[PDB]
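K.L.:
What follows is a structure written as structure tokens; I'll ask about it next.
No value in this document is a laboratory result; all are computed from the given coordinates. Here Cβ is always computed from backbone atoms with ideal geometry, including for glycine, and neighbour counts include all displayed protein chains.
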2 protein chains.
Amino acid sequence: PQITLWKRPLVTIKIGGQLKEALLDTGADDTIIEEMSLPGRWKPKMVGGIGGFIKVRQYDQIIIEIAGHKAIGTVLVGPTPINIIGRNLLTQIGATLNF
Amino acid sequence: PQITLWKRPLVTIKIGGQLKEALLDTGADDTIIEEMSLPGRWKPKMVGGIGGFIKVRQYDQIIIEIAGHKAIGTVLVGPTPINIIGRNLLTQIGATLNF
Ligand SMILES: CC(C)CN(C[C@@H](O)[C@H](Cc1ccccc1)NC(=O)O[C@H]1CO[C@H]2OCC[C@H]21)S(=O)(=O)c1ccc(N)cc1
């Protein structure tokens, strides 16, 4: 589809069998999801945003469906104000910015 | 132009007579620029994101040239780690997310 930006570009994602809302975020290098249980071992990571750094748990090879598109990659889990789909997964679904 | 997301989508902008590099950021509601001087009255505001909130100065009706495209809108000035072009100005240049 072709999404305009007059409103927040929110889509529905499915992760761990649950439906959630997430933001298509070209400004995020990484995909960050609010606290939840994901399978496997996690690794530590520090993520810097607009108001400082937060510590997150990094999970790899996670399966996630984004607006009907399947992606398999790294997902960070931490205290984010909203679920964010970053470039690492946007590239897998073939997203581009056009103007 | 059609921008891929393998790397950060950085473009050249001209604001307040100065040339700067900025991120085309679909996850940002508003445009936030690093500390600089702009003419006009301004209002204080608090913007929140990952890591917490920061205090900024809100300037209205500011003219920015994004990748050679003229646009006008609110610009926030504050201690952001990078210059961000948000949805308020992406809409003006006709930017869309496609996949
Ligand atoms: C958290 C989102 C809802 C909003 N953020 C925009 C977002 O695109 C930022 C924009 C951004 C980009 C770089 C530095 C600071 C902020 N990215 C970000 O926080 O990404 C983090 C996770 O991936 C990592 O790679 C980028 C930093 C990490 S935001 O910077 O806090 C923001 C909030 C309000 C406005 N008006 C404009 C921007």
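K.L.:
Starting at the first residue of segment B:44-52, write each ³J(HN,Hα) from the Karplus equation 6.51 cos²θ - 1.76 cosθ + 1.60 with θ = phi - 60°, in whole Hz, x for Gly and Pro.
P.N.:
Listing the rounded values in order: x, 8, 10, 10, x, x, 6, x, x Hz.
K.L.:
Cα-Cα over 27 Å: which of A:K20/A:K43; A:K70/B:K7; A:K45/B:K20; A:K20/B:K45; A:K20/B:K14? List each step's numbers first, then the result.
P.N.:
Numbers: A:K20/A:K43 23 Å; A:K70/B:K7 21 Å; A:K45/B:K20 30 Å; A:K20/B:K45 30 Å; A:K20/B:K14 38 Å.
Exceeds cut-off: A:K45/B:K20; A:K20/B:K45; A:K20/B:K14.
K.L.:
Which FRET efficiency value, to the nearest 0.05, is calculated for B:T91 and B:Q2 with the Förster distance at 25 angstrom and r the Cβ-Cβ distance?
P.N.:
Numbers: r = 18 Å, r/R0 = 0.71.
Using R0 = 25 Å, I get an efficiency of 0.90.
K.L.:
Continuing with this model, one more query. Using 7 Å Cα-to-Cβ label points, what is the B:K55/A:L19 separation (nm, one decimal)?
P.N.:
The answer from the label model is 4.4 nm.
K.L.:
Where does chain B land at 222 nm, in deg cm²/dmol rounded to the nearest 500, when only DSSP H runs of n ≥ 4 count, each adding -39500 (n - 2.57), divided by all residues?
P.N.:
That calculation yields -500 deg cm²/dmol at 222 nm.
K.L.:
Could you please report the charge total around B:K7, scoring K, R as +1 and D, E as -1 over all other residues with beta-carbon less than 11 angstrom from its beta-carbon?
P.N.:
Numbers: positive: A:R87, B:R8; negative: A:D29.
So the environment of B:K7 carries a net charge of +1.
K.L.:
While we're on this one: Which number comes out as Rg/Rh for the protein assembly as shown once both Rg and the Kirkwood Rh are worked out on C-alpha atoms? Show your work: numbers first, answer last.
P.N.:
On the way: Rg = 17.0 Å, Rh = 17.4 Å.
Expressed as Rg/Rh, it is 0.98.
K.L.:
Continuing with this model, one more query. Working only with C-alpha atoms, what are the Rg and Dmax values of chain B, expressed in angstrom?
P.N.:
According to the Cα coordinates of chain B, Rg and Dmax are 13.1, 41 Å.
K.L.:
Setting aside same-chain residues fewer than 8 positions from B:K55, which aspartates and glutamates have a Cα under 15 Å from its Cα?
P.N.:
Within the straight-line limit of under 15 Å, B:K55 reaches these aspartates and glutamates: B:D30, B:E34, B:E35.
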